[PDB]
């Protein structure tokens, strides 16, 4: 078992409280088998709503997968109490937004897609259904009379 933090960085414009929303939120990841090193060929996602009870007091997992190359049964779990928003004050800094407990599947890449939400920095205008798949996003806050944006989204992994 190991924990891994996923840190986001983005440039924010007139936006705050940027966060994944809901138990159905999808963390799209490329995952590495911890025994044979095989990295998934396609993006896979994991979500809190898929939680499954592991046998024999081992706890739970968000995803269990038998490695196709070495037959190990590996798992990974999103830690829900570690999910944090990315705020106006975090602008352009890496910041941990979620942690995963890894039992033989470890993420080595991350693709933010849909399901994020955020709000106008002063207006509190709600923006939902934000898709970051392009790594840029723009909209207009009518209450603020300002453009809002999230640009140059990137990430990195910290082993905890």
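Numbering follows the first chain given and starts at 1.
Legend: mean Cα B-factor per stretch from the PDB entry, 105 to 113 versus 87 to 95; the higher mean is in 87 to 95. Mean CA temperature factor is higher for 51 to 59 when stretches 51 to 59 and 34 to 42 are set side by side in the entry. Annotation for residue 82: CA B-factor lies in the middle third of the chain's modelled residues. When the CA B factors of the chain's modelled residues are split into thirds, the value for residue 26 lands in the lowest one. Annotation for residue 160: CA B-factor lies in the highest third of the chain's modelled residues. Among the modelled residues of its chain, residue 1 has a C-alpha B-factor that falls in the highest third according to the deposited record.
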